[PDB]
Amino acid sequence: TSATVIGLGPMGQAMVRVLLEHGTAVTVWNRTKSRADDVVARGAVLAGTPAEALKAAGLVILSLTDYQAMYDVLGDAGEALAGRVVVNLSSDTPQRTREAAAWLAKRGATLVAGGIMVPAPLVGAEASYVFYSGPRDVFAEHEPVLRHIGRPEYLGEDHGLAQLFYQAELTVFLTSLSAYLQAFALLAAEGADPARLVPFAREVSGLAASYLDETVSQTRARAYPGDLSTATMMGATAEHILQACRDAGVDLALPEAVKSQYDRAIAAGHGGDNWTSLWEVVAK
């Protein structure tokens, strides 16, 4: 088996190592040639051109910052794309992923969209998994090589799906990281030591994740009983957080955005409903 990896950021490099360690031949290409030194020392072959990289394998894995980078790198491949399977494991919108499917198809190439759901040090570890979407038959053929990156989670035929699931996951992940900075900033601005919060922040993240099922069922039902918590009570806290952040001279964007959800829910008559009623202002 033979693989090409285009993009040697931390994830591209991690995927090259894991493919090499499992006895796949790896041809790499990278805009910044010098970034390939370590993977070539581990037995990767650096191609001179993306077209060359496309000629050294039927399986082409793209690990780039966005899908626009794919067009920058592959725009000049011409017929070297014909019959290749492009596994794009890059962040972008569902719509640009679908668009890339059509662009690649015009040039005889098959897109399998994917999203890796771990950081680089966990690539190929037990806890690694990857969303995939695009043609089942084409994915199935390459699945035996791809599964070394992580557990494949094939979502279906719509190329946008893997990217949809990636952006949904990253909405949770990135906003959580911004909530941690927000929390530590409030403490640090008030003279308190953010380190003291760590064990409680871990507990309340555990508590938050435990609400996922209630969230699913109430939003799915559009039923929001306020018996244990009201949008008025939780909006009051959203406001206390915003005010406390204003008092402490800390950024206001995140707490303001959360508060706006409760205000617009209450203004819509959901003051007495569960926080899950914010569905009514958030959803399409």
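One rule holds for the numbers: they count along the sequence shown, beginning at 1.
Got a sec? Mean C-alpha B-factor, which is higher, 214-222 or 60-68? 214-222 has the higher mean C-alpha B-factor.
Taking the recorded C-alpha temperature factors, which stretch has the higher mean, 148-156 or 168-176? 148-156 has the higher mean C-alpha B-factor.
For the listed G114, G206, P94, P135, which has the peak Cα B-factor recorded in the PDB entry? If I rank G114, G206, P94, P135 by C-alpha B-factor, first place goes to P135.
Which third of the chain does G75 land in by C-alpha B-factor: lowest, middle or highest? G75: CA B-factor falls in the highest third of its chain.
Would the CA B-factor of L54 place it in the lowest, middle or highest third of its chain? It belongs to the highest third of the chain when residues are ordered by C-alpha B-factor.
When the modelled residues of the chain are sorted by Cα temperature factor, does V18 land in the lowest, middle or highest third? Within its chain, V18 is a middle-third residue by C-alpha B-factor, going by the deposited values.
Based on the entry's values, in what third of the chain does the Cα temperature factor of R202 lie: lowest, middle or highest? Within its chain, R202 is a lowest-third residue by C-alpha B-factor, going by the deposited values.
By the record's CA B-factor, is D37 among the lowest, middle or highest third of residues in the chain? As the PDB entry reports it, the C-alpha B-factor of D37 lands in the highest third of its chain.
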